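Heads up, the thing below is written out as structure tokens.
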Amino acid sequence: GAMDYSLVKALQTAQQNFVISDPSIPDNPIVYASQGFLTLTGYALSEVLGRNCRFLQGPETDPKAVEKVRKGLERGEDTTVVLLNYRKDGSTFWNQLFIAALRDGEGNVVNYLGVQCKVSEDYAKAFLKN
Ligand SMILES: Cc1cc2cc3c(=O)[nH]c(=O)nc-3n(C[C@H](O)[C@H](O)[C@H](O)COP(=O)(O)O)c2cc1C
Ligand SMILES: [Cl-]
């Protein structure tokens with residue numbers, strides 16, 4: 001169960017920004033966060049473990065983008081969205097966010113994986129147009 005996912009280890013090797021959540025815990029909080037994610041967001045590891053990643057959202061984040069993540073999770077569909085996120089210091093960035101369920105043999109979702117890619121403002125407008 002623990003980081004023995006090939007794909008998690010692949011992601012660390014590529015120095016990606018990601019978190020793992022555990023939905024058997026109430027509110028599906030973060031139980032792993034990569035150094036990339038911490039550097040991107042300005043948070044320390046002990047500021048994110050045990051928190052739902054919605055803390056990155058703020059008043060100018062689009063509730064429809066968030067709604068699309070929520071429904072993806074409910075319907076067990078992989079999702080990709082571009083949404084505005086906030087770092088610890090309150091500065092904002094556009095996050096191309098990729099979320100997938102990690103399932104066992106029986107089809108049970110044992111974790112979720114989220115990978116963040118920081119994108120430019122121009123990238124985000126173009127994306128959100130289509
Ligand atoms: C593994 C995982 C990673 C992320 C990473 C991010 C992120 O880098 N920025 C962000 O802005 N929201 C995220 N989310 C969404 C958030 O944790 C909530 O799932 C949504 O806000 C919808 O739920 P509700 O707020 O409606 O309850 C995630 C959800 C999961 C499961
Ligand atoms: Cl969630």
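Excluded from the calculations below are hydrogen atoms, water molecules and symmetry mates; all remaining heavy atoms, backbone and side chain alike, are included. Just follow the structure's listing: the first ligand is 1, and inside any ligand the first atom is 1. Throughout, numbering of the chain's residues begins at 1 and tracks the sequence.
Among protein residues, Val19, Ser21, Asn28, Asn52, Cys53, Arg54, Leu56, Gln57, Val66, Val69, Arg70, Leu73, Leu83, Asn85, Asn95, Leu97, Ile99, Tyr112, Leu113, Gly114, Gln116 come within 4.0 Å of ligand 1, judged on heavy atoms.
With sequence neighbours excluded, no residue forms a side-chain hydrogen bond (donor to acceptor under 3.5 Å, both in side chains) with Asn52. A search for salt bridge (charged side-chain N to carboxylate O under 4.0 Å, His left out) contacts involving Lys118 returns nothing, not counting sequence neighbours.
A donor atom on one side chain and an acceptor atom on the other are found under 3.5 Å apart for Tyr5 and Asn111. With 3.5 Å as the limit, one finds a donor-acceptor pair spanning the side chains of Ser24 and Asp22.
Note on residues 53-68: pairs passing side-chain hydrogen bond (donor to acceptor under 3.5 Å, both in side chains), not counting sequence neighbours, are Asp27-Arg54, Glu67-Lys71.
If you look at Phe37 and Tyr43, their ring centroids are not closer than 6.0 Å.
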